[PDB]
Every structure is written in C-alpha cells, then in structure tokens.
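Chemist: only the shape, not the letters, is given here:
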Ligand SMILES: O=c1cc(O)c2cc(Br)ccc2o1
C-alpha cells in the first residue's frame with residue numbers, strides 16, 4: 001500500500017494479475033500478485049486463506065528453488081501476495097519460444113533444478129500440481145530456476161486425488177481417463193512433458209488421445225539417454241514411472257552444471 005511501489009503488470013491469467021513491485025523498506029524487487037476471492041476454489045487455514053498461501057508458507061523457508069512468499073495481505077475481495085522477484089528474469093515458456101529446442105546440457109541443468117525444487121515442495125508436504133515451463137522462472141544472472149504458481153496445488157498425501165485444475169496437456173493419462181491420480185506419479189508425468197518440451201521446443205501432446213496413447217515422437221534430434229528418461233517419466237502405468245531418486249540417478253542426469261556455470265555458458 002505504502003510498504004510497496006507498484007510497477008508494470010507482468011501478466012494476468014488463471015493465477016491472477018501479477019505486478020512488478022519494489023519493497024520500499026529496502027528496495028527488494030518483489031512481485032505482487034492479486035488473487036480474486038471469488039475465483040478461489042480452495043481454502044485452508046493456520047482465519048481462512050487461499051490454499052495457495054498455506055502451500056507457499058510451507059515451502060517458503062530458505063531453499064530457493066521455489067519463489068518465496070514474503071508477505072500477504074487480505075482485502076475485501078481479494079488477497080494480495082508479495083513474492084520474490086529475480087531481476088533480470090524470464091519464464092521458461094518465453095525462453096523456449098526464443099531459443100527453440102534447448103541444448104541437452106542446458107535442459108539437464110534446468111531439469112535437475114526443477115527436480116530439486118519439486119523434491120523440496122514434497123519434503124514440505126506440498127504438491128504443486130501444475131509444473132510446466134510457464135510456471136518456472138529463470139533468474140538469468142544466477143542460472144537458477146524458481147517454481148511459481150501454487151494456485152492449483154494441494155497438501156501432499158498418499159491417497160488418490162480425484163480433483164485437478166492444473167494444465168491438461170501436462171496431466172497424466174490416469175487423470176484423462178479416470179479422473180484419479182496419485183501425487184508423485186502425476187508429478188513425474190508432468191516432468192516428462194516438461195523435459196520433452198525443453199529438448200524438442202514444444203510439448204509432445206496436444207489432445208487427450210495422444211496423452212492416452214502415450215506414444216512419444218521426437219521432432220528434434222535428442223540423445224537416446226534423454227529419450228529413454230522422458231519415456232520412462234511418461235510411462236502409461238503410474239507405478240512404472242521413476243521416483244525422483246531414480247530420475248536423478250538416471251545416466252542422462254549425471255554431471256549437471258551448477259546454476260552459476262549454467263548462466264555463464266548458456267545465458268550471457
Ligand atoms: O506466483 C507468481 C506468479 C508470477 O507470475 C511471478 C512473476 C515473478 Br517475475 C515473480 C514471482 C511470480 O510469482
């Protein structure tokens with residue numbers, strides 16, 4: 001209000017309207033996200049808040065693969081969230097629009113940081129439920145990726161989920177066919193979609209039928225080890241998908257660049 005200077009709108013959509021901001025007390029770059037109360041299906045508590053705020057609080061202690069919630073405010077018709085903002089930054093969707101299919105070395109660095117971020121969320125008892133390139137920010141100076149948009153997420157549990165409101169083209173075929181999925185294995189499928197998107201420059205599937213068929217065609221030259229990983233993540237049966245430990249032990253994942261080296265070699 002007077003604690004923050006509001007800058008340009010960055011984007012708006014199913015997540016709300018997000019503005020560039022600066023915290024007056026120390027000039028910290030922030031993003032200020034406004035979520036309308038009547039456009040929020042899911043609520044939790046600590047008084048009643050969006051699920052998105054409960055999930056963010058649970059993942060927002062120190063480890064930085066997740067954009068942190070610095071503060072939040074309630075308004076009569078909305079909540080307002082003050083999030084971290086890397087500067088300069090570009091979401092991975094725009095980065096891929098610009099660069100096309102990514103060199104494997106860069107995809108490996110990005111994919112690995114995504115897996116550390118998602119493991120962190122899961123250690124904190126939070127399931128994101130909408131992992132995709134549009135929900136990943138690149139801190140271009142440090143080469144660090146950051147998950148954003150917990151607005152479709154949930155407390156992690158070990159029983160079946162029967163609701164979903166994240167992105168359909170990343171949703172697994174057990175969701176498409178049965179409206180049921182378990183959290184980790186759905187997550188792993190979306191991570192196979194994401195990895196394909198990074199190395200091919202676009203998502204493999206556009207239509208329910210392709211998702212259900214689960215047959216993956218590579219339109220770009222991609223190494224056999226990368227194809228094997230992506231195809232393992234996109235196994236039709238949830239329990240044939242790798243755990244995070246098996247993805248990270250996969251031979252395509254070895255020798256990851258550090259974020260800083262990644263920014264130097266690939267980001268300028
Ligand atoms: O939840 C979000 C959504 C965003 O779009 C976003 C953008 C920047 Br930049 C920084 C943090 C952000 O967090």
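Modeler: Looks like it arrived, so ask away. Numbering: from 1, shown residues only.
Chemist: from here on, contacts and neighbour counts on C-alpha atoms
Modeler: Fine.
Chemist: can you map out the strands along this protein?
Modeler: For the chain, the strands defined by DSSP state E cover 4-13, 16-23, 28-36, 43-45, 48-50, 69-74, 78-84, 89-91, 126-127, 136-139, 144-147, 154-155.
Chemist: of these, which approaches residue 197 most closely?
Modeler: Nearest of the strands of the chain to residue 197, taken as C-alpha to C-alpha: strand 136-139 at 12.8 Å.
Chemist: mean neighbour count and distance to residue 100 added to the strands of the chain, as CSV?
Modeler: Listed next are the strands of the chain as CSV, based on neighbours: other C-alpha atoms under 10 Å; distance: least, C-alpha to C-alpha, whole Å:
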stretch, mean neighbour count, distance to residue 100
strand 4-13, 13, 22
strand 16-23, 19, 26
strand 28-36, 22, 27
strand 43-45, 13, 38
strand 48-50, 15, 36
strand 69-74, 14, 31
strand 78-84, 21, 27
strand 89-91, 18, 14
strand 126-127, 24, 29
strand 136-139, 22, 16
strand 144-147, 26, 18
strand 154-155, 19, 32
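Chemist: ok, which residues in the stretch 151-268 of the chain are in contact with the ligand?
Modeler: Residues of the stretch 151-268 of the chain lying near the ligand by C-alpha under 6 Å from any ligand atom: none.
Chemist: any idea how many residues pack against the residue in the stretch 151-268 of the chain that the ligand sits nearest to?
Modeler: Nearest residue of the stretch 151-268 of the chain to the ligand, counting by C-alpha to the nearest ligand atom: residue 151, 8.1 Å away. Neighbour count for residue 151, taken as other C-alpha atoms under 10 Å: 24.
Chemist: what's near enough to touch it?
Modeler: 15, 51, 52 (C-alpha atoms under 8 Å, 6 or more residues apart in numbering).
Chemist: residues contacting the residue nearest to the second one when sequence neighbours are not counted?
Modeler: When the adjacent residues along the chain are set aside, residue 51 lies closest to residue 43, with 4.6 Å between them (C-alpha to C-alpha, 6 or more residues apart in numbering). Listed by C-alpha under 8 Å, 6+ apart, the contact set of residue 43 reads 49, 50, 51, 52.
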